[PDB]
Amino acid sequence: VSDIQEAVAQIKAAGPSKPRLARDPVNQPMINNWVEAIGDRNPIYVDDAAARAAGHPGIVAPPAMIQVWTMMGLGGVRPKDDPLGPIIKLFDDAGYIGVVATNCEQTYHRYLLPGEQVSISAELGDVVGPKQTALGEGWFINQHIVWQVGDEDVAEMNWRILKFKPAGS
């Protein structure tokens, strides 16, 4: 427990990861793929006139797509300054090889427009444990994620996971 707290502190001391650019700018083809699969018929995501009638400058991206833009994709590898890598290794090494996401809270400061380029930065928050949980002994790990367009914060997320010891550990 002591060495875990010390390791977490050294990770936190590095501060948030440098902003990482989304593979693509916000774009209509990916909005199209998303609204079609989700089944969301909201016209502001596909019709300029409808978007303008709702007060937007033109078609806007669904707010809930914010994390989609910055997904790593097939075979993607996190940057060398992502604090999650070291945290996952730390807990795996201590036997907490299981993982589950428990809570995700997203805040959207404004709607994004096609053509806007988003970046993502991640910061480690609370690391709490060891706790007895219904899945086994574990530690909860929080992260604060911020998305920007240029230097402007456009969305943020508090992400919480549980790293736990599986039944046979």
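The numbering used is simple: start at 1 and walk along the sequence shown.
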Query raised in the report: Of the two stretches 104-112 and 45-53, which shows the higher Cα B-factor on average in the entry?
Result: 45-53
Query raised in the report: Do the C-alpha atoms of 137-145 or of 25-33 have the higher average B factor in the entry?
Result: 137-145
Query raised in the report: Which one, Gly39, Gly129, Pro63, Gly125, has the peak C-alpha temperature factor per the PDB entry?
Result: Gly129
Report task. Taking the values exactly as deposited, rank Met71 by C-alpha B-factor within its chain and report the matching third: lowest, middle or highest. Result -> lowest
